[PDB]
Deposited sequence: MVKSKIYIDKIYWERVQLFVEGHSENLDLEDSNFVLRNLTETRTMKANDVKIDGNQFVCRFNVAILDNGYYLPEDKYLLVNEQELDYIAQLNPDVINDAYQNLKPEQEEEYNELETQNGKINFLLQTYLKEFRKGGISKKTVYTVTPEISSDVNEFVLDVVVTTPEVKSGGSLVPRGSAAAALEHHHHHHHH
C-alpha cells in the first residue's frame, strides 16, 4: 500500500559498536546491503553485521575500525540500503518519543521551555549524543540535516 521505504526504529551503542534497528515497508531485504554513506557520497562504509528477520533488520557498525582500523572519519553520514535503488533510512517517530521518555531532570526543564517543533526535535535527537575520550574527544550525534532533509549521524572530532 505504501512506497518502498526503510525506517530506523531504535539507535543504541554497546561501547564502540553502533546498533541501528529498523524495518522496511513494501521492500524485500533479502539482497540488501546496508552502509553508512557520507553527505557528499565520496565515502561508503558497509555494516560489520546485518541480521534480517522478515522485514526487520539490525545493523552493527564497529565505529572504531570502520576506516581500515581507524575510527569513522569526521563527516555527516546517511544510513542507506543499497538495492535496485538506494533507499535512505527514515526516522521512525519512536526514536523521538524514546528520547523524550528518557530525559533527565535538568534536560526536562530545558526541553519544557522550547516553543517550536523543530527546536523540540533537534533537542531530543541531540540527547542521543555519544562521546568517546581517548585528549581527543570523538562525538557521534544524530540529527535531521535540514539541508538535505534526511536523518544523519554527525561525527565530530575535537581536541
Segments lacking C-alpha coordinates (deposited sequence numbering, starting at 1): 135 to 139, 165 to 192
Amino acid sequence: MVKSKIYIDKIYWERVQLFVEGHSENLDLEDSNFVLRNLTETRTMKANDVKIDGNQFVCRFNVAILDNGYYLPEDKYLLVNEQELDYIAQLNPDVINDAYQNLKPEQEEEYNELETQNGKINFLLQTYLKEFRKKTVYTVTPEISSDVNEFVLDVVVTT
From here on, numbers count along this sequence of modelled residues.
Between 99 to 107 and 121 to 129 (mean CA B-factor, as deposited), the higher: 99 to 107
Higher-B stretch (mean Cα B-factor, as the entry records it), 108 to 116 or 62 to 70: 108 to 116
Relative C-alpha B-factor of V50, binned into the chain's lowest, middle or highest third: middle
CA B-factor placement of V137, once the chain's modelled residues are sorted into thirds: highest
Third of chain Cα B-factors occupied by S146: highest
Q56 by Cα B-factor - lowest, middle or highest third of the modelled chain: middle
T40 by Cα B-factor - lowest, middle or highest third of the modelled chain: middle
